Amino acid sequence: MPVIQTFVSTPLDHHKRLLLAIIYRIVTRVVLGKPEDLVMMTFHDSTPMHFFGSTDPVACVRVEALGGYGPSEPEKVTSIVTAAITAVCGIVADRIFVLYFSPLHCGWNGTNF
Amino acid sequence: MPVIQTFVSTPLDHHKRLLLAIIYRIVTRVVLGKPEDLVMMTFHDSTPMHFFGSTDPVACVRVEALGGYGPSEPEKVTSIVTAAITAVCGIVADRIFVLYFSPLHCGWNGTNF
Amino acid sequence: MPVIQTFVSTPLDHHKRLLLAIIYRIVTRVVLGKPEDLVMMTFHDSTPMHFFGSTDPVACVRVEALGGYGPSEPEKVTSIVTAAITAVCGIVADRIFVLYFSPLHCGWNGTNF
Amino acid sequence: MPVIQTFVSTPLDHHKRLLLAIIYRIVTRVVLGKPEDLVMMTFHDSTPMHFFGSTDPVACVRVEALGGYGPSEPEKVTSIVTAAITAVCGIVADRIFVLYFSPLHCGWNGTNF
Amino acid sequence: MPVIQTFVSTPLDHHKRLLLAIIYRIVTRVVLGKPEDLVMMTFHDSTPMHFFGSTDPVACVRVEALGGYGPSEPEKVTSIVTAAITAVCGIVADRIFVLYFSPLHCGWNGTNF
Amino acid sequence: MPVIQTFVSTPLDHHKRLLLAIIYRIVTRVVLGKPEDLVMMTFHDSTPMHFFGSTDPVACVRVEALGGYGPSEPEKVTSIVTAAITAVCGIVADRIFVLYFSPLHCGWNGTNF
Amino acid sequence: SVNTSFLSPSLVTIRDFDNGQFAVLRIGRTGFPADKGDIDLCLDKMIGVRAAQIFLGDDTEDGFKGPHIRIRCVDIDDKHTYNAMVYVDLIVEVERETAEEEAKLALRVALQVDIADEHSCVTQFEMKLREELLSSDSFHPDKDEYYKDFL
Amino acid sequence: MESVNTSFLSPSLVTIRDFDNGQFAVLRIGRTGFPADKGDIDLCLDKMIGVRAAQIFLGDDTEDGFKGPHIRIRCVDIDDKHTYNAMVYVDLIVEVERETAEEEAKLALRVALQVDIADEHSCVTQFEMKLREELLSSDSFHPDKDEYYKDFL
Amino acid sequence: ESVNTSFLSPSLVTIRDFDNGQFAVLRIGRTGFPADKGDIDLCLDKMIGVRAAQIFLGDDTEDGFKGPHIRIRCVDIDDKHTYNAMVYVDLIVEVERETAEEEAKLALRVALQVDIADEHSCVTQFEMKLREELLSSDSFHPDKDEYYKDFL
Amino acid sequence: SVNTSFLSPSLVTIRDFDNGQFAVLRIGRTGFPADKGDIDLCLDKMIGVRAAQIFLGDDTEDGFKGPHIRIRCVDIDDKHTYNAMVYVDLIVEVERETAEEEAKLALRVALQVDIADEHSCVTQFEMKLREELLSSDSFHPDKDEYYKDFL
Amino acid sequence: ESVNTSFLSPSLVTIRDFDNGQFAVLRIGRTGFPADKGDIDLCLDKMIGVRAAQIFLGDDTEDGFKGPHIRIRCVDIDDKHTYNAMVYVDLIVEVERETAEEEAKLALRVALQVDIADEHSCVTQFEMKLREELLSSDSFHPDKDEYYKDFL
Amino acid sequence: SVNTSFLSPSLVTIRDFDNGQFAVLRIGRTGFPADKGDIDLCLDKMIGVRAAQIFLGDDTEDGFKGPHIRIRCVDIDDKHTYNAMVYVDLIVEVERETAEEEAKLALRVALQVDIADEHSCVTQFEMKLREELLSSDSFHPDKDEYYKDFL
């Protein structure tokens with residue numbers, strides 16, 4: 001049960017958010033090896049951010065999956081997500097952070113996994 | 001000093017947020033065995049979310065407490081929180097995530113614990 | 001490549017956010033021993049929060065750096081950040097949380113580190 | 001087939017423009033010796049103008065008739081037009097220009113004369 | 001380097017002005033024997049005009065070319081222009097003036113010709 | 001008593017029109033050898049124009065003085081005016097027309113000259 | 001006002017109700033999909049030939065003696081350099097040759113032949129001569145059979 | 001202009017052009033010959049953006065020097081007889097790397113088009129893809145060439 | 001987009017009405033003249049007319065549509081000398097069949113204003129064909145593809 | 001856009017950011033305090049010389065060959081009749097005399113010398129000649145040392 | 001544009017009042033502290049106070065101002081321990097001279113709230129000098145240049 | 001909130017009421033007139049040192065033990081490359097050296113020393129050490145005598 005938070009300084013509409021949504025689904029199924037219906041995605045557009053001494057368009061993606069990650073999976077996920085934000089939001093690669101975390105416990109449908 | 005973030009796709013007013021606030025207080029004191037005055041709660045309503053192939057009302061709760069958690073505590077907390085969001089926000093149980101984290105350090109009043 | 005999230009209950013303008021930005025830069029370079037151009041900062045003002053049984057002005061800061069932290073570094077960062085929010089936002093010290101996390105992986109410019 | 005352009009610094013409404021229209025008709029018939037139905041008149045009110053080191057109310061009239069003008073006709077037309085603009089628009093005589101031109105060819109109803 | 005001023009009592013949009021523009025280009029190149037890129041065209045729509053005892057839709061076209069005009073050219077241009085205004089602006093032929101002038105000197109790109 | 005009409009496709013404010021006004025005054029006195037208080041200037045901003053196959057910023061200046069012009073005067077005036085419009089309005093030199101005319105008669109203060 | 005439609009990726013039919021025109025947009029040479037720029041270029045060509053028609057005489061009035069000059073199709077070469085070939089039908093013996101001459105010259109200026117267009121395009125045109133009674137009931141500038149070559 | 005340009009060649013034949021996304025899809029209800037409703041067209045659009053997501057997943061080819069591979073929708077066939085079903089037609093343009101690209105594209109399409117699962121329009125979707133090889137640097141080349149749609153028009 | 005028109009040819013127009021669930025082919029065959037805005041508007045006025053004929057014969061929008069079905073297939077405009085329009089209608093459904101044909105015919109005459117000047121100054125006429133198929137059949141629809149084969 | 005400041009009642013520094021000018025407003029003869037009219041009059045003089053500059057040639061472009069003509073200060077006589085003396089520096093041998101002559105004639109028209117101004121003032125001007133390399137890095141129309149006489 | 005303040009130094013401020021036709025120098029000499037917004041607002045409050053003193057002695061805004069003239073030259077603020085302000089005023093005008101000085105002195109005491117707590121919780125005081133010049137003279141003004149030489 | 005003023009074309013005094021700061025803007029090396037960019041650059045340096053002050057400790061509260069670090073002046077080199085020299089005074093033996101070290105490091109990050117600024121500028125700073133009683137009545141971070149060097 002992975003969770004993907006997307007923080008962007010640029011405004012996001014229905015088209016952009018839907019695009020990133022399907023992307024994260026494919027990444028979850030193909031790379032993470034998890035069901036694409038079980039991944040939760042949140043989008044935080046128009047977020048006041050500051051990076052590299054400027055308030056220029058910048059993105060920060062948070063990936064959290066229980067049980068950790070595979071050997072070559074984080075490298076793959078980072079590449080795809082960065083490329084996804086680059087094409088969709090127009091944010092350059094050198095202004096995109098992708099952080100990976102692992103929760104101690106995760107709950108769904110009133111029960112833990 | 002636990003921290004509880006509440007992400008919801010549904011709008012939250014004074015009544016709903018206050019109810020969830022008291023709930024987290026009871027959970028902190030009774031279950032987590034921590035002072036209810038020392039738990040910090042943030043609410044992010046009207047959040048653009050996507051889960052199970054739909055943008056339907058969906059909630060994501062983040063619980064972060066230093067020192068880890070008890071043996072049977074996470075199962076209890078998840079059960080209570082899910083029922084709380086279900087009754088208050090109207091979000092079904094099968095669309096509620098409850099994640100648990102443990103920080104390396106936590107600061108308050110200018111000092112760490 | 002550290003990431004600093006700033007949650008505040010008080011509204012933030014250009015002056016306040018820029019001040020906190022420079023603050024985090026100095027902390028990153030002097031204390032954390034990391035390049036000040038590589039630290040990402042997000043600001044979440046007017047955030048519905050509840051702490052110590054009140055909705056009074058309250059701040060929550062999230063610090064995330066890969067590789068963990070130094071021995072006496074977290075104590076220093078917490079003191080500065082709390083003092084920073086106190087002078088800038090007017091929020092009392094007893095209502096400021098500073099949490100520290102360490103990501104398993106971090107991505108930038110399309111590649112991991 | 002004479003043409004009379006009227007440039008004024010003062011706003012012109014229906015009443016003022018109609019008055020100047022009838023004036024030019026009489027001038028065309030009595031002085032110029034041409035049919036008053038064959039004279040075309042344009043009015044350019046609220047025109048940004050500058051004269052004598054000031055942007056005070058000032059008028060400039062352009063008179064164009066094929067075949068030239070009579071010996072004492074331009075003197076007569078200038079006197080009447082200046083007096084006409086003075087009474088109607090309130091513009092002083094010392095701020096009224098009346099220029100006379102003669103086209104090489106003039107066309108009407110798809111044919112030249 | 002001919003110049004064509006178009007005064008009309010009827011409102012002009014992008015379509016009408018663009019049509020008359022191409023017309024003047026063809027007239028300049030085919031009839032006047034001058035480069036269509038060197039002709040300047042101005043349009044004055046919604047101009048308060050009075051002609052033939054009425055304020056009905058009426059047009060006045062000004063043509064100015066250095067060096068004079070050809071033998072049978074003015075008759076041709078007038079015929080085309082009158083037909084042009086009639087179809088495009090809807091102004092009847094009996095209410096269309098086409099005047100021809102010849103400047104003593106003409107300047108372009110900082111130099112005279 | 002010279003008259004200078006300024007047609008521009010770009011908007012003109014108080015500063016731009018005043019600048020061009022003083023310019024024409026200096027040109028009239030120094031080059032044309034006529035009193036700067038006796039020259040009338042009109043400005044037609046935001047004028048729908050078309051030149052060189054484009055609706056790009058373009059200017060057309062009309063100079064009319066009774067008695068004609070000097071031998072080397074039109075060349076001087078054209079150079080100054082073009083440079084004047086270029087600096088003030090930002091319009092390139094290759095899109096500036098300066099036409100010269102000579103009226104048969106000119107009227108002022110109710111009398112001809 | 002304008003009704004475009006895609007029969008194929010490289011085949012577009014454009015109907016202009018206000019100007020009373022019908023133009024076929026086709027990218028035959030390459031078979032590339034007609035983009036927004038390609039269609040906008042075609043529209044710019046229709047109004048150009050529209051200008052050629054009114055130049056030769058306003059035939060919108062009653063008793064249109066002619067001659068009629070209408071766009072049939074616009075073929076765009078998109079391989080290496082942006083190029084457009086316009087197909088025009090001229091409907092109208094000495095006067096016929098004169099009409100062909102006048103129509104040709106008007107089209108050269110309007111369509112910017114052998115020169116860079118507003119879309120940075122080098123345009124060219126081909127025209128055919130047709131003869132029919134203008135007063136005939138079974139006649140129209142944009143008849144069905146006239147577009148048979150491009151559809 | 002408009003972002004999407006739909007048109008009815010026949011009651012069961014619809015051509016959809018997307019200028020913003022630079023896509024062209026043919027909507028056809030072949031099995032039954034029923035008229036394409038608003039829901040059918042909306043379903044087709046949802047499939048285009050799905051494959052659009054598959055394309056950017058395999059690599060952003062909107063940039064200069066698109067090494068590929070290219071994956072584009074050719075047509076969408078709707079089964080309307082008994083149960084709502086959709087068959088998507090996709091062309092993959094690009095030996096070991098070719099098999100890898102085909103595998104990645106296949107997996108991406110399954111997730112994007114929700115194959116063998118109920119879609120948002122209560123539809124069970126499936127896809128068929130063909131492999132084509134052409135020079136990416138060639139002047140006479142485009143993701144949605146004319147000849148590519150010859151099978152469905 | 002309630003109505004989706006498109007030009008296959010200058011004299012050939014396909015009109016789809018999503019709200020009313022109808023498809024009509026607009027064709028000026030006799031002359032081959034280009035369909036103007038008035039011609040299309042005339043076609044739309046005919047579609048809603050037959051739509052009125054359909055509900056008159058019985059509301060088949062409900063479940064278990066026993067019929068009969070009466071739908072527009074095409075509209076042919078004569079534009080040579082006088083403005084005339086020929087509407088093509090398909091009736092889908094032995095004594096009851098003749099009664100259905102009679103009722104449908106009478107309804108169409110009033111709805112389409114046959115042999116009378118229309119709102120667009122048009123003299124209208126119609127031709128209808130009788131078709132028989134199972135209403136409860138899965139492979140059946142009022143506006144099937146093969147039904148428009150004559151006009152496409 | 002404009003930043004005025006009072007060093008003294010009769011001493012005012014005016015900076016024009018948009019026009020890139022700096023003028024010193026001083027009422028030396030009497031020592032009266034500069035009113036709103038006095039400042040407004042000074043601004044009217046700045047744009048006048050600004051007009052003189054563009055008249056002599058647009059030096060806003062790259063490679064400003066010159067000559068440069070800028071206002072240094074404006075001295076107002078306020079004793080009996082309203083009078084203003086403008087101080088202007090012309091920066092640029094026969095061509096130098098020609099430039100000085102053209103600049104002199106231009107300033108007379110622009111500043112309305114010996115004539116009643118818009119503020120009912122009789123204006124006059126005095127100019128000094130300076131020579132420096134236009135392509136030099138250490139050069140500017142409104143250098144610090146240029147205002148040493150009035151500060 | 002009504003008031004034009006400017007900082008020559010942190011403890012030196014020049015204030016020009018165009019509407020009231022006044023010029024006052026705000027200076028914190030004793031300590032050299034930077035003049036805050038409150039300090040400036042206090043100075044403005046003192047200008048209008050002496051302005052009230054002037055019209056009290058007689059409206060000299062009219063033509064033929066026989067006098068006497070009383071204008072603010074400077075305001076010195078003591079900021080060491082307690083908030084205090086020393087105002088510098090010039091009275092321009094033998095028995096009548098003493099009478100004018102007496103009336104002006106008494107008027108200033110009430111207007112400037114001498115030896116009393118001001119609106120800014122300040123104890124204010126004033127010092128005045130007597131000057132004699134022809135009011136009808138061309139080379140004369142209430143706020144001449146040379147008059148501010150002591151504070152500039 | 002901010003009160004700028006021109007003592008000279010190359011001399012500008014900037015007072016910040018809200019932050020309680022005073023900075024002198026001077027372009028000494030060249031004597032060029034301070035433009036809008038120069039002033040905006042100066043403000044950016046004040047808030048940087050303001051950040052340095054609160055970093056060393058919030059002295060806005062009562063009983064400010066120190067140390068105090070305030071901007072005195074900003075000198076801009078404008079000859080060939082855009083450069084800025086910031087002047088800072090540190091008011092406060094081992095602890096004194098420690099405070100000086102922390103202040104030095106903080107200023108490097110805040111003022112972007114030896115790095116390209118937001119205005120494409122290479123900045124540098126110089127600091128002086130002063131010792132006075134914080135509890136003294138006759139003491140302030142921005143005293144008059146402290147600005148004697150630049151005025």
# chains A, B, ... in the order shown; residues from 1 in each chain; ligands from 1
call {"tool": "calpha_fit_rmsd", "arguments": {"fixed": "chain J", "moving": "chain G"}}
result
0.2 Å
call {"tool": "residues_around", "arguments": {"residues": "region 84-97 of chain B", "least_positions_apart": "5", "cutoff": "10 Å", "atoms": "only C-alpha atoms", "output": "MDAnalysis selection string"}}
result
(chainID A and resid 1:3 38 40 106:112) or (chainID B and resid 6:12 15:17 19:20 23:24 51:52 56:62 78:79)
call {"tool": "atom_distance", "arguments": {"atom1": "CA of residue 68 (chain H)", "atom2": "CA of residue 19 (chain H)"}}
result
20.9 Å
call {"tool": "residues_around", "arguments": {"residues": "region 122-134 of chain H", "least_positions_apart": "2", "cutoff": "6 Å", "atoms": "only C-alpha atoms", "output": "PDB file with N, CA, C and O atoms, in the first residue's frame"}}
result
ATOM      1  N   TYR H  84     -20.449  -4.338 -22.400  1.00  0.00           N
ATOM      2  CA  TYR H  84     -19.654  -3.210 -22.869  1.00  0.00           C
ATOM      3  C   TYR H  84     -18.165  -3.546 -22.870  1.00  0.00           C
ATOM      4  O   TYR H  84     -17.553  -3.705 -21.814  1.00  0.00           O
ATOM      5  N   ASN H  85     -17.591  -3.653 -24.063  1.00  0.00           N
ATOM      6  CA  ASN H  85     -16.182  -3.996 -24.220  1.00  0.00           C
ATOM      7  C   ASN H  85     -15.494  -3.102 -25.244  1.00  0.00           C
ATOM      8  O   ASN H  85     -16.116  -2.662 -26.210  1.00  0.00           O
ATOM      9  N   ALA H  86     -14.209  -2.837 -25.031  1.00  0.00           N
ATOM     10  CA  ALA H  86     -13.449  -1.974 -25.929  1.00  0.00           C
ATOM     11  C   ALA H  86     -12.105  -2.592 -26.310  1.00  0.00           C
ATOM     12  O   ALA H  86     -11.353  -3.048 -25.449  1.00  0.00           O
ATOM     13  N   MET H  87     -11.815  -2.602 -27.607  1.00  0.00           N
ATOM     14  CA  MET H  87     -10.539  -3.097 -28.110  1.00  0.00           C
ATOM     15  C   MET H  87      -9.708  -1.949 -28.676  1.00  0.00           C
ATOM     16  O   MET H  87     -10.082  -1.335 -29.675  1.00  0.00           O
ATOM     17  N   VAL H  88      -8.581  -1.664 -28.032  1.00  0.00           N
ATOM     18  CA  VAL H  88      -7.730  -0.551 -28.436  1.00  0.00           C
ATOM     19  C   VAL H  88      -6.633  -1.008 -29.393  1.00  0.00           C
ATOM     20  O   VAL H  88      -6.002  -2.042 -29.179  1.00  0.00           O
ATOM     21  N   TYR H  89      -6.413  -0.229 -30.448  1.00  0.00           N
ATOM     22  CA  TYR H  89      -5.370  -0.532 -31.422  1.00  0.00           C
ATOM     23  C   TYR H  89      -4.206   0.444 -31.286  1.00  0.00           C
ATOM     24  O   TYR H  89      -4.374   1.654 -31.436  1.00  0.00           O
ATOM     25  N   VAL H  90      -3.026  -0.095 -30.998  1.00  0.00           N
ATOM     26  CA  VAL H  90      -1.850   0.718 -30.716  1.00  0.00           C
ATOM     27  C   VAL H  90      -0.672   0.311 -31.599  1.00  0.00           C
ATOM     28  O   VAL H  90      -0.446  -0.872 -31.836  1.00  0.00           O
ATOM     29  N   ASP H  91       0.069   1.294 -32.100  1.00  0.00           N
ATOM     30  CA  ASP H  91       1.265   1.020 -32.889  1.00  0.00           C
ATOM     31  C   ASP H  91       2.535   1.386 -32.128  1.00  0.00           C
ATOM     32  O   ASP H  91       2.674   2.505 -31.636  1.00  0.00           O
ATOM     33  N   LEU H  92       3.456   0.433 -32.032  1.00  0.00           N
ATOM     34  CA  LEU H  92       4.734   0.670 -31.373  1.00  0.00           C
ATOM     35  C   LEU H  92       5.846   0.852 -32.402  1.00  0.00           C
ATOM     36  O   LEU H  92       6.165  -0.067 -33.156  1.00  0.00           O
ATOM     37  N   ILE H  93       6.431   2.045 -32.426  1.00  0.00           N
ATOM     38  CA  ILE H  93       7.490   2.364 -33.376  1.00  0.00           C
ATOM     39  C   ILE H  93       8.844   2.460 -32.679  1.00  0.00           C
ATOM     40  O   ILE H  93       8.980   3.138 -31.661  1.00  0.00           O
ATOM     41  N   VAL H  94       9.843   1.778 -33.231  1.00  0.00           N
ATOM     42  CA  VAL H  94      11.182   1.782 -32.649  1.00  0.00           C
ATOM     43  C   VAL H  94      12.263   1.802 -33.725  1.00  0.00           C
ATOM     44  O   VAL H  94      12.052   1.326 -34.840  1.00  0.00           O
ATOM     45  N   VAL H 115      -6.847  -3.026 -18.614  1.00  0.00           N
ATOM     46  CA  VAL H 115      -7.173  -4.241 -19.352  1.00  0.00           C
ATOM     47  C   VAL H 115      -7.765  -5.319 -18.445  1.00  0.00           C
ATOM     48  O   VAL H 115      -7.270  -5.550 -17.340  1.00  0.00           O
ATOM     49  N   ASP H 116      -8.840  -5.947 -18.920  1.00  0.00           N
ATOM     50  CA  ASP H 116      -9.516  -7.046 -18.227  1.00  0.00           C
ATOM     51  C   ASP H 116     -10.145  -6.614 -16.904  1.00  0.00           C
ATOM     52  O   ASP H 116     -10.478  -7.451 -16.066  1.00  0.00           O
ATOM     53  N   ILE H 117     -10.305  -5.308 -16.723  1.00  0.00           N
ATOM     54  CA  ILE H 117     -10.959  -4.777 -15.534  1.00  0.00           C
ATOM     55  C   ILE H 117     -12.043  -3.776 -15.923  1.00  0.00           C
ATOM     56  O   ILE H 117     -12.016  -3.216 -17.018  1.00  0.00           O
ATOM     57  N   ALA H 118     -12.999  -3.558 -15.025  1.00  0.00           N
ATOM     58  CA  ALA H 118     -14.081  -2.616 -15.280  1.00  0.00           C
ATOM     59  C   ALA H 118     -13.567  -1.181 -15.252  1.00  0.00           C
ATOM     60  O   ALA H 118     -13.034  -0.722 -14.242  1.00  0.00           O
ATOM     61  N   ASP H 119     -13.732  -0.475 -16.366  1.00  0.00           N
ATOM     62  CA  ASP H 119     -13.285   0.910 -16.471  1.00  0.00           C
ATOM     63  C   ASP H 119     -14.238   1.858 -15.751  1.00  0.00           C
ATOM     64  O   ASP H 119     -15.211   1.426 -15.132  1.00  0.00           O
ATOM     65  N   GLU H 120     -13.948   3.153 -15.832  1.00  0.00           N
ATOM     66  CA  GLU H 120     -14.793   4.172 -15.220  1.00  0.00           C
ATOM     67  C   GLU H 120     -16.154   4.240 -15.908  1.00  0.00           C
ATOM     68  O   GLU H 120     -17.136   4.691 -15.319  1.00  0.00           O
TER      69      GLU H 120
END
call {"tool": "select_by_dssp", "arguments": {"residues": "chain E", "states": "alpha helix (DSSP H)", "output": "PyMOL selection string"}}
result
chain E and resi 14-26+73-88
call {"tool": "decode", "arguments": {"residues": "region 22-75 of chain A", "atoms": "C-alpha atoms", "output": "PDB file, in the first residue's frame"}}
result
ATOM      1  CA  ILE A  22      -1.989   7.191 -14.272  1.00  0.00           C
ATOM      2  CA  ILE A  23       1.805   7.500 -14.304  1.00  0.00           C
ATOM      3  CA  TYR A  24       2.088   6.631 -10.607  1.00  0.00           C
ATOM      4  CA  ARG A  25      -0.257   3.694 -11.216  1.00  0.00           C
ATOM      5  CA  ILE A  26       1.988   2.282 -13.944  1.00  0.00           C
ATOM      6  CA  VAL A  27       5.100   2.868 -11.831  1.00  0.00           C
ATOM      7  CA  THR A  28       3.469   1.091  -8.888  1.00  0.00           C
ATOM      8  CA  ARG A  29       2.470  -1.942 -10.958  1.00  0.00           C
ATOM      9  CA  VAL A  30       5.465  -2.270 -13.284  1.00  0.00           C
ATOM     10  CA  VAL A  31       8.326  -1.112 -11.058  1.00  0.00           C
ATOM     11  CA  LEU A  32       7.111  -1.345  -7.457  1.00  0.00           C
ATOM     12  CA  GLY A  33       5.251  -4.573  -8.218  1.00  0.00           C
ATOM     13  CA  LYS A  34       2.150  -3.491  -6.314  1.00  0.00           C
ATOM     14  CA  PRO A  35      -1.531  -3.211  -7.343  1.00  0.00           C
ATOM     15  CA  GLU A  36      -2.260   0.128  -9.029  1.00  0.00           C
ATOM     16  CA  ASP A  37      -5.644   0.293  -7.290  1.00  0.00           C
ATOM     17  CA  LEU A  38      -3.971   0.231  -3.871  1.00  0.00           C
ATOM     18  CA  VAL A  39      -1.726   3.279  -4.311  1.00  0.00           C
ATOM     19  CA  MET A  40      -2.870   6.576  -2.790  1.00  0.00           C
ATOM     20  CA  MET A  41      -1.885   9.851  -4.449  1.00  0.00           C
ATOM     21  CA  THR A  42      -2.184  13.407  -3.134  1.00  0.00           C
ATOM     22  CA  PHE A  43      -1.529  16.603  -5.089  1.00  0.00           C
ATOM     23  CA  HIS A  44      -0.493  19.929  -3.572  1.00  0.00           C
ATOM     24  CA  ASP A  45      -0.336  22.569  -6.304  1.00  0.00           C
ATOM     25  CA  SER A  46       0.582  26.258  -6.031  1.00  0.00           C
ATOM     26  CA  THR A  47       2.769  25.449  -3.029  1.00  0.00           C
ATOM     27  CA  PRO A  48       5.088  28.270  -1.878  1.00  0.00           C
ATOM     28  CA  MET A  49       8.520  26.673  -2.270  1.00  0.00           C
ATOM     29  CA  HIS A  50      12.135  27.840  -2.327  1.00  0.00           C
ATOM     30  CA  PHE A  51      15.099  25.973  -3.810  1.00  0.00           C
ATOM     31  CA  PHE A  52      18.526  26.793  -5.272  1.00  0.00           C
ATOM     32  CA  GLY A  53      18.133  30.412  -4.182  1.00  0.00           C
ATOM     33  CA  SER A  54      14.989  30.970  -6.236  1.00  0.00           C
ATOM     34  CA  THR A  55      11.206  30.604  -6.111  1.00  0.00           C
ATOM     35  CA  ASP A  56      11.268  29.212  -9.652  1.00  0.00           C
ATOM     36  CA  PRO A  57       9.019  26.227 -10.571  1.00  0.00           C
ATOM     37  CA  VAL A  58      10.129  23.340  -8.362  1.00  0.00           C
ATOM     38  CA  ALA A  59       8.671  19.949  -7.423  1.00  0.00           C
ATOM     39  CA  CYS A  60       9.011  17.600  -4.451  1.00  0.00           C
ATOM     40  CA  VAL A  61       7.712  14.027  -4.571  1.00  0.00           C
ATOM     41  CA  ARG A  62       7.320  11.791  -1.516  1.00  0.00           C
ATOM     42  CA  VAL A  63       7.226   8.015  -1.938  1.00  0.00           C
ATOM     43  CA  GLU A  64       6.270   5.835   1.026  1.00  0.00           C
ATOM     44  CA  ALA A  65       5.918   2.056   0.779  1.00  0.00           C
ATOM     45  CA  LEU A  66       5.725  -0.537   3.555  1.00  0.00           C
ATOM     46  CA  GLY A  67       8.279  -3.345   3.446  1.00  0.00           C
ATOM     47  CA  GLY A  68      10.924  -1.136   1.869  1.00  0.00           C
ATOM     48  CA  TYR A  69      11.971  -1.050  -1.777  1.00  0.00           C
ATOM     49  CA  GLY A  70      13.714  -3.304  -4.290  1.00  0.00           C
ATOM     50  CA  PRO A  71      17.413  -3.119  -5.264  1.00  0.00           C
ATOM     51  CA  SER A  72      17.109  -1.288  -8.596  1.00  0.00           C
ATOM     52  CA  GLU A  73      13.582   0.046  -8.044  1.00  0.00           C
ATOM     53  CA  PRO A  74      14.347   3.477  -6.502  1.00  0.00           C
ATOM     54  CA  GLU A  75      16.602   4.405  -9.434  1.00  0.00           C
TER      55      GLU A  75
END
